[PDB]
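Below: one protein chain in two forms, given as structure tokens, structure 1 then structure 2.
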Structure 1
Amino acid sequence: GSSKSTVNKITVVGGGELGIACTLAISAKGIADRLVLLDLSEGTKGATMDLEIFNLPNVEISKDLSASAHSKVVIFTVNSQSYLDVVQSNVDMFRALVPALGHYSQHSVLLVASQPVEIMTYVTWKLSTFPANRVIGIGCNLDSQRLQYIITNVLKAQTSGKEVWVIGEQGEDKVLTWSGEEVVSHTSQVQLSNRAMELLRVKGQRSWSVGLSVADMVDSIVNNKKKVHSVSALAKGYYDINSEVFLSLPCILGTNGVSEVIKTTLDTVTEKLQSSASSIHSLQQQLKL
């Protein structure tokens, strides 16, 4: 008792934790005018039953691919022994999905959040027959937003007009670059960069964090923010890469996807990027697409 003592339609592909995280983050900020969650699991699982029960006003859950029609953004969150076999399994899942989703939303931006992101973005590009500017992966977007917060807020470091980005291939080995001027000591900038990078590298990347970074990218696209994000983008022509690979590059994002790749200062950065391009390209060559 009382005793004491335009209508912005967005499709999230996948009803797993990442798909749910994207859905909730997008809904939390009111980014979508309407949101379709494509639940592609076995029906018996009832993977998204709780979301149906919760009944978000502008959210529709469906198992029908055609429910995604006329989307502004289609977000891929789905995922499947040896490395090549595991990647091939993911590729094969995308092969049965991307062409249909591309058909249903022919003017959308395709946003790839499935891993390994560089290969999966390339695969999505090849399967959709979309222009490269409208196919992007989450790349090092989360890394970059965190790194910038680390420098500004954790380290309270004086950075003057210069912005820092994590670029290239997503992984434990991380590559950074600066875009901006006030003259700064090379030694001090390297020391700052190394320190902020160490702080970043120990952090995990859980589904909720990825969902939040995805929602922010969708925000930029649907509202034509022209905000810079480091995303997986077609890297041929940059850093003397002559192969068709997607690496994370700082891009201006808006209604038509990537509007511009911004220039950064120019060497180990090129070397690491070319090495990534080489290994990614070699793995793409042995995949069945």
Structure 2
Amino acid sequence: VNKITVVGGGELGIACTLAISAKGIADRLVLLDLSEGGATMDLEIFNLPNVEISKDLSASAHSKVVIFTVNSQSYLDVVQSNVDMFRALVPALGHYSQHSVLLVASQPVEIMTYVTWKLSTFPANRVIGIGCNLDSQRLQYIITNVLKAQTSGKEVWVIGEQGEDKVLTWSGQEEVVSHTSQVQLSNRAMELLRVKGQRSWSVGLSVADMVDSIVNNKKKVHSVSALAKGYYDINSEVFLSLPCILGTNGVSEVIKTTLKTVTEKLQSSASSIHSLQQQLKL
């Protein structure tokens, strides 16, 4: 039985909820509206099947996935304000669903994934962020369906810190792809992908797909924000987007890729995320 909890009744939270329902992914879906005693009741009013709206954290109990979509001026103070909000919520919600995967969609995603990790005390493999999953699934789609490289397109990933750049790396789980093909396929795909955004509806579709893989234990590879210590010579406790196999029990495997110098982009993001994290009050 696949119970899923979406945390936060803003646009993002409704987008996740509608996306999940549209595909019939959840047996029960609880949407937590944390607003002062709004329009979130429309989902019940219009009787979205198996959608329960609640203000009660305990309604989340026994979820397979809990999706954090809440968001709350200088950058540090904006992050800390979101941190303050997570402190009131994560510990409770971790306790209601101790066997769940926590999936963090709130921004800035790497930092908020770390925060959720620390507040919940869950093992790292069960605390992930949306990372570059949306970027990755779009890139692969373009290459497989638009450029018609049906196998090559499954082997390219967007990784690292979301929104900062588009760092590309290639896995090799199905075929060797020569460098000349890697370059043409990704330049052509980037033409189509450079201009696309991160609007709530897009993110909610991305989240629904990850949730589908987790609850149905698909063991499908997703570029998600995952604890990056021990990868790319990162030794700090920072989350970066990495190709991970997802199932019921979270990340079962981080996929190996081949990468040059470019790990410098990753290490600079890690260093910058870590410095900021050390300035936060949990």
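For residue numbers, the reference is structure 1: its sequence is counted from 1. Between two forms, the rigid core is the largest collection of C-alphas that superpose within 1.5 Å.
Picking from 159, 106, 209, 88, which residue has its CA shift by 2 Å or more between structures 1 and 2, once the rigid core of the two forms is superposed?
Once the cores are aligned, the residue moving by 2 Å or more is 159.
Superposed on the rigid core, does the Cα of residue 193 end up 2 angstroms or more away between structures 1 and 2?
Superposed on the core, residue 193 moves its C-alpha 2 Å or more between structures 1 and 2.
Core-aligned, what's the Cα displacement of residue 231 between structures 1 and 2 in Å?
Comparing the two forms, residue 231 shifts 0.2 Å at C-alpha.
Keeping the rigid core fixed, what distance in angstrom separates the two C-alpha positions of residue 174 between structures 1 and 2?
After core superposition, the C-alpha of residue 174 moves 1.7 Å between structures 1 and 2.
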